[PDB]
Amino acid sequence: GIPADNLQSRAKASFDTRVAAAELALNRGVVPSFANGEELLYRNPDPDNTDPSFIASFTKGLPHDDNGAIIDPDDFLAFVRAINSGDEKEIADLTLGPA
Amino acid sequence: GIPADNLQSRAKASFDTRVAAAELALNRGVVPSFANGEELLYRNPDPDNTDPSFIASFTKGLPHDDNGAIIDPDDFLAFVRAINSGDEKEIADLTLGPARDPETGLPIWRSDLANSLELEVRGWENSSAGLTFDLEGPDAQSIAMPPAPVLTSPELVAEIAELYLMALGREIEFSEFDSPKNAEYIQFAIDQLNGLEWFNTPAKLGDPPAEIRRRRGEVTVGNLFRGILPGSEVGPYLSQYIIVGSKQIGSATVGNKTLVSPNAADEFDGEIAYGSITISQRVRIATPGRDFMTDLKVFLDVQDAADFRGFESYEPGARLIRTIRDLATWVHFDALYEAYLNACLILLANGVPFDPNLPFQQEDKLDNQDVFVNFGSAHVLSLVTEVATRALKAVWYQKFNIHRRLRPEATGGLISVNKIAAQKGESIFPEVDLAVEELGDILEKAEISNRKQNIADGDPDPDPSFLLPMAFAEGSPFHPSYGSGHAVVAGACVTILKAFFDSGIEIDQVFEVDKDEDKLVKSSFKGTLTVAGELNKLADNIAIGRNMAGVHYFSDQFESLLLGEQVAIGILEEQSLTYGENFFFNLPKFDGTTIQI
Amino acid sequence: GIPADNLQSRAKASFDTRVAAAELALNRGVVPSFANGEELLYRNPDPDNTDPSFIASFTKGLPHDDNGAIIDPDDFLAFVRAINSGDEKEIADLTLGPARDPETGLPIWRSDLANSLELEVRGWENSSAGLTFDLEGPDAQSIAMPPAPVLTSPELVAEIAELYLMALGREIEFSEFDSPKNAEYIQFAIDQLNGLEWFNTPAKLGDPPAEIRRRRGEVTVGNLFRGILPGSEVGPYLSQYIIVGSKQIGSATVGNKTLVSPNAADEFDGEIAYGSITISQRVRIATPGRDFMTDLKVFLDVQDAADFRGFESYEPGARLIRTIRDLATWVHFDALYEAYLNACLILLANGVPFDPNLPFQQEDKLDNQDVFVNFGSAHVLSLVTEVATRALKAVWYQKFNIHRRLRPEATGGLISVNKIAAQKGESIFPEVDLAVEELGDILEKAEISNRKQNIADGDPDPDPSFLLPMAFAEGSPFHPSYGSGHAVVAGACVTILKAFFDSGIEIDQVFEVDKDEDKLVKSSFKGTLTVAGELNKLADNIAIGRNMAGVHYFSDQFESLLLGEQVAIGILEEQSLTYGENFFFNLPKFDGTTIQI
Amino acid sequence: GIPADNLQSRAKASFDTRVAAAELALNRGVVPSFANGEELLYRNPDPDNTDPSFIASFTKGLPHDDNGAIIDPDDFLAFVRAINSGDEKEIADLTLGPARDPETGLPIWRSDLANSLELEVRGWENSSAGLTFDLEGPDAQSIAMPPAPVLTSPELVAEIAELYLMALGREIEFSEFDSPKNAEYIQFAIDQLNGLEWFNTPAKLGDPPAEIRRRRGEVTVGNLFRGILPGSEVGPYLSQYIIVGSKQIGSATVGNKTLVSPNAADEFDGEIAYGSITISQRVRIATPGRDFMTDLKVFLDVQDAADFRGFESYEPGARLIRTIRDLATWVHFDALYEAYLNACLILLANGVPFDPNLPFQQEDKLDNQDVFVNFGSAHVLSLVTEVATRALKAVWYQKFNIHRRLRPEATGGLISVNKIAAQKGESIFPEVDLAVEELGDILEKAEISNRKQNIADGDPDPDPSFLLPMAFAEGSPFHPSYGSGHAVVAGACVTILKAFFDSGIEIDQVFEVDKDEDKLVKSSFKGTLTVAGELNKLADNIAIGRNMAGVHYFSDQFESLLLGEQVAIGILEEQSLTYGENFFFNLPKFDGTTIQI
Amino acid sequence: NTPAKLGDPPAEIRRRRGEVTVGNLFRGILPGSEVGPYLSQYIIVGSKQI
Ligand SMILES: [Br-]
Ligand SMILES: [Br-]
Ligand SMILES: [Br-]
Ligand SMILES: [Br-]
Ligand SMILES: [Br-]
Ligand SMILES: [Br-]
Ligand SMILES: [Br-]
Ligand SMILES: [Br-]
Ligand SMILES: [Br-]
Ligand SMILES: [Br-]
Ligand SMILES: [Br-]
Ligand SMILES: [Br-]
Ligand SMILES: [Br-]
Ligand SMILES: [Br-]
Ligand SMILES: [Ca+2]
Ligand SMILES: [Ca+2]
Ligand SMILES: [Ca+2]
Ligand code: NA
Ligand code: NA
Ligand code: NA
Ligand code: NA
Ligand code: NA
């Protein structure tokens, strides 16, 4: 018999087209993103303090000291957790602005 | 063990999200689309000829006889085959334009004008776009528009009457609908329409539900030439979003301080703040009183694909939309979603709140979160524009693959040829006998108007012509009448905006264009308009603008608006699967109900 | 309806999680591994012979001729087949060791020493472990090490020169690299290496990227015999984690009260608190100046599988690592992940914080949660150890199934045989002509050193020998050179520790071993070291320790470190699917970039 | 055609292997876990109060009243909700610690000591680790521990009696259990336990099978304070692997020659050869006779989360485990799998053969293959450590999500409060009336002991206290009693070692700690010990060490050992799919049967 | 004033800039940006009109 394709319904063709596009995107694979290493490199200069300073990270909105360094490293660490979660309550629980 | 979900890779979650949206679309199911039965109904009148005539189908581009009927039924049957196939070679094999000279290859036109301009043919605009799939939203073919009115129906007589009255009223200023100087013509229009069964008699039980929904009642100065979307019939004819400018850069509230733009007055002189630059609402001015396709030979050449695009003249300058013709000019060249993007820019500049059921809309001291890419300006700017092509594919399927309804110019051609023949005691195109019989007074006015045009165009003693005068030299675009690209995009785009903004916000000050000068004036309207009402009115303005140009009928526009609303709703529903936040869009639909998506 | 997820049984969620991790690993794809082309390049010099010689391949255990070339190429070809099959019978059918005595059944060795001990053969160590699958992490065969340096390359000449200089420098104390008494030898080493193209000329555009990454420049006292991981070249040679002890039980802060261990000083005398017991950093002391396999007959016996394991002598007692030889002793017997478990125990005892991007790392008054099984001490103690065998399977695949690179002792054997033959006007092993030509000054020192050793071993007038002296009586383990088990495990384990701890924490006080006594002293280093830097340096210490013993080349170690880092990263990525918490590991990689997993 | 298998890519084979292991785990099915019914049984005694009291549940950290009962039942109900959810915000929203001062935020403690130290709170240790999945082994929730003993049961009376006798015997030396100087106390302990129904009456048909398996009979000096794993009741109390050192580097057989380490005597003085360095078996010495939480206010502060960790004092130096207290100190700080890794290192150093059913265990002249990454030292070193966290997740699910059994200190608190109230003719905590009634003689000794402690701690005339004296200042860890992290890891790790080694090997020389000096002496034991028996005894030593500290009951330990054995067996079974070789592990189980995996 | 060196990250090599001139001052490096006037025609010119 002569090799052939078959028709299907328009609705199934539309579905299959959308899946085929999703499959094309999936089959591209993914690549990691690497940061420049500063976030945990730079440290609070206080000798009795084991915290990063986050001075080279975006911390606009978190409360800063008179030098422009964030006051509480937990504020930035919580901001990072909220970034990765997206949860609205978690976002609303962050510290924004000064006293 | 405690019931649980499992994580998977981000890439698999993205894939599964996309498949889930496709599955959602598939599981809506599909509906058929039914045509009105005219395509094989009307037959060649010659006794020895069996063939359909296709006189009520869009055949612009196929070669026509001296009466406006296609010469060879195979040309239309081949066109329909090409529409359903989409194959480029098959399209290129069609017959387009009139007979060509064998030696030179030139198309030989009927009109001295078309021959003297050495016009070539123009071709169909994406005659198979209705085959194209899309990565989002309802597939073009999954949804339907109902059968178009038939040429013998009260609805069509009413529609074509309305279009002739719009054509003959093109120099009327919106702000002067109720003025003494226009009373004779305005009352004539109102009385003529009120004399027609469609408007003066209600639908009856058992009529098609689509007819019941779109049927209009008593014509008044307040509803003359208006649409029927909720909001369009309240307040001034033109939406605020097509005449007003916006708040300008430099006007702001900063804490407890109010700053005022040095350019603040521009808001009330039709300037939209467009980023840091501006859009002017003032439209180019087509030559008053100049209409087209009023001569039968020129008309037939246009029906035979003569490319008259770009032939209009204009007066210098620009003005806020003033006359019916100006709204026709506006919709001749508007860039797709232009009206709605412009409304969106006004709403954004004016600080109109987004829909409060979206996330993060509270003061930032409460939610710690402002909006931009999702649920803010960038999001609505992309969404309002992206729906347009999805809506177009759906209406293209209705236009070409289902209904193939003739454009109003072609109906006017049948009417003119019929009436001219009847005056010599001959019956041609009896399909439009009812329209000819009922619209005598209007057609007499068109005859006088056309004679003046034909004289102006250089014919000192023209043959009588009852053609529908066109605002555009080329008449309609090169695609069928039902539905409309403009109206489907209007329906989709204003659906997006009503959902995205808090569209129950009331408008503070209502303007109209001044009767005497090219400026805005405070309206005397006493009442409240809302953002949603003015967006619906904007959609009706763009859609009816096409009717005022002579290129669509009322039913094309209304049914297209509903189709676009469906497309936008389906896109919002499928996109709902892509977000992690807890929210929905509140959408007030054209039917007065609300859907939460 | 509102989009949703559904629950399923815990058992199905566990299954689906494991499959999702397998799918993540599969979807990484795989890469090929390319060998350097030597295996079929070098040919038996016999004119009437169409066989490869396999002289640059690991053939330890197969019977060799008096020059160190295998006698029968089929023995190696069968070994390769058995490596790829893994079948136990096929392995047992291989030829291992030399001809045996009919009466006693014992191997007949070349050396009086091996015969007098009646040594038996030792066999290959899991020659098919590279076929083994694993329930977690990248499959052994999915990743690659690049082609090894070839015997004719500037890179190899540089590597083998370095190993001879390390062997001849085994009695130099780390603390005295810059001391006047060592200046003649240290400057000789530096000048000899700076005289070699690899170190004195940069890579050129178009060279393999792996060569560009691992190529070294000017040799200095500050970088002599060091690795190139970031951190290894700053501060003292030895990582703090291989010489310092830890805080001891009884030192603690309880609210505002400080308690001090009665044995607090043990921290500064090399005692790690290991639970409530201790680990001593003091290493057993191999007899100074005694090296092995400096006689050709003993060398060939070892190449023919003679089992000299356990033959070394030691001085009484133990000391903090003092000499180059002591670091070789350290890596002769270390238990797998030992160095890194010990570092982890120091970090835990000293209270170094965990990575702050893990959950629950705040004061408990804020988060109500302390850490142990997840994100605390128990978690890191299992993770640092479990990665080791996954890393070993990957490097075993490279060692046996891909590259089969000869160990440094075998390269030293080719050099010695070549040079001895050349002195009699014969060419043997021209493949190493460049090394012989360029390393004359070093080889002259080795010749003198070997004569002294051979005399000490009881030969009053030994033949000249230019063999690379081995720190271990048996020389290398019974598996190929490229890569290294020690270095791959180092790479995987320090990757875990840098990710799990806050490895940006700075070291407060830096120590070194005293020049005069077996004790720690404060370093004169002026600068800042970090936990990550000192963990990288620890990895480089264990890896280069193998080189200083004579059993690996620089490239084996560096490329193995990179392979181990990939194995640990993959395990962390796959394990990320098993947790419900919102967190990630921040990992500073060997290339200076950070990955968040 | 001949039936056949087909090859597929390596990557697909790896994927399919991992899925097959997940399928194997899934197809084992799951079992439910049943609690003992106490959680909603015991009610608030106040007549006008309906609520459960939760007095028999772990509530350490929640605020307690002056009797040790939680103040607000919602605090425990919320804790249970957070345990089952794992959400970090929900955990951080719990109530932890006592009421805080509104102005300063300080927790206000009951005890002058806690206030003077300015102690803060400590939080629960991974209260939702029982939700975590794992890439290998039985899922945490797939397996079960049986209901814990109830406070009114003969079993619990016996358990708590035993713990008080251990506490009061903390200064007894293991080597002097049968010494005249200890006869009065040892005979008191034996007679007191033999006076209790649990020990003096057998189980009866129809009792739960778990009770039948773990029930103990007549107490003797030979079984006093011992476990019941096979091997634990034969020979000296302490496993050889927690007191002996190992063969040292330099002791070796090389062909026909025996070499002797210059450090050989270190084997018999508690030094394990740890690679080329050493571990000392000598434990830090907690201050003799100093116990904790003997004062009710300090006890309640600890129940209210006061962080006393690190408060102990120590004598200088270290010694081989000598007294009951020393075993408690050993298990206070041991690093996870420490005991078992140390046993593994002894077995490796001593050359104990691997299980002979593994591949390649013959002399290499026969099999041409030595072992390392698979079936050799590196393999067992990773396997013994990796099982620990998988076992912990399983026991954490039992601890927090299922049973939430109160720790022994809390039972001692109920007993003390009850007895004090009964002396004033009031009934408080009648749930422990049986224990109070039966353990009078023991409680009188505790009262005297506690008064001396309370005087030493600075209270010149303390209130009577019958609290269970704790070896640790903070008492138990911040997680429930049933099961035990130490015991589950012991069960998993010794299961691995018994399977991996030839654990029927008999021990040649048996040692104990000398009665007079800190040294080993040859035991007088006449009989044979095996590696398996001494590994089981090691597990029982670590597990009972926790009981001797006051932080677990007998049933917690035994049931945890069984749970760990299941986890290790499941990991071995799933890993069996990853190898190409023909072999199995022979595992002698705790029940005396053998499984071949 | 110094070029990238062999072994530098490829992303650095691609985006590294050389000698500054009036012709490239404050410009980007997309192809086309460094030829002709600073501002694109599309941000200053109008279009053909109706
Ligand atoms: Br369909
Ligand atoms: Br694809
Ligand atoms: Br992914
Ligand atoms: Br669906
Ligand atoms: Br359109
Ligand atoms: Br809807
Ligand atoms: Br289940
Ligand atoms: Br994946
Ligand atoms: Br290794
Ligand atoms: Br990576
Ligand atoms: Br593959
Ligand atoms: Br199965
Ligand atoms: Br534990
Ligand atoms: Br079993
Ligand atoms: Ca907001
Ligand atoms: Ca915490
Ligand atoms: Ca063997
Ligand atoms: Na705007
Ligand atoms: Na609305
Ligand atoms: Na770090
Ligand atoms: Na050992
Ligand atoms: Na056994």
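These residue numbers are counts, starting from 1, taken along the chain as shown.
Every residue, even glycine, has its Cβ placed from backbone N, Cα and C.
Record features (Swiss-Prot):
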BINDING   C:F360, C:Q362, C:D364, C:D367, C:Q369  Ca(2+) binding site
BINDING   C:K399, C:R407, C:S484, C:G485, C:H486, C:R546, C:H552  vanadate binding site
ACT_SITE  C:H479  active site
ACT_SITE  C:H486  active site
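Chain A has a C-beta under 8 angstroms from the C-beta of C:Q362, taken from the binding-site residues C:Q362, C:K399, C:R407, C:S484, C:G485.
In sequence order, the binding-site residues from C:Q362, C:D364, C:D367, C:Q369, C:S484, C:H552 that place a Cβ under 8 angstroms from a chain D Cβ are C:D364, C:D367, C:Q369.
Sequence-distant neighbours of C:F360 (Ca(2+) binding site) (same chain, 6+ residues apart, CB-CB distance under 8 A): C:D367, C:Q369, C:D370, C:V371, C:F375.
Most buried of the recorded positions C:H479, C:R546, judged by other Cβ atoms within 10 Å, is C:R546. For C:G485 (vanadate binding site), the count of additional Cβ atoms within 10 Å of its Cβ stands at 25 [all protein chains shown]. Sorted by the number of other CB atoms within 10 A, the binding-site residues C:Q362, C:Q369, C:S484 start with C:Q362, the lowest. Listed in sequence order, C:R407, C:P408, C:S481, C:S484, C:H486, C:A487, C:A543, C:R546 are the same-chain residues six or more apart from C:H552 (vanadate binding site) with CB atoms under 8 A from its CB.
Under the DSSP three-state reduction, C:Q369 (Ca(2+) binding site) is assigned to strand. Of all the recorded positions listed here (C:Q362, C:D364, C:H479), C:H479 has the Cα closest to the Cα of C:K399 (vanadate binding site). Each residue contributes its Cα atom, and for C:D364 (Ca(2+) binding site) and C:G485 (vanadate binding site) these two points are 41 Å apart.
Each residue contributes its Cα atom, and for C:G485 (vanadate binding site) and C:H479 (active site) those atoms are 10 Å apart. Put simply, C:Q362 (Ca(2+) binding site) is 47 Å from C:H479 (active site) when counted between their Cα atoms.
In the three-state DSSP scheme, C:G485 (vanadate binding site) is classed as helix. Comparing Cβ neighbour counts within 10 Å across the binding-site residues C:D364, C:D367, the minimum falls on C:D367. With a cut-off of under 6 Å between the Cβ and any atom of ligand 9, the binding-site residues C:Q369, C:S484, C:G485, C:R546 reduce to C:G485.
Over all protein chains present, the Cβ of C:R407 (vanadate binding site) has 26 other Cβ atoms lying within 10 Å. Other than the site residues C:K399, C:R407, C:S484, C:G485, C:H486, C:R546, C:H552, same-chain residues with C-beta atoms no more than 8 angstroms from the centre of those residues' C-beta atoms, the vanadate site, are C:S476, C:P477, C:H479, C:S481, C:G483, C:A487, C:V551, C:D556, C:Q557, C:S560. When secondary structure is read from DSSP and collapsed to three states, C:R546 (vanadate binding site) falls in the helix class.
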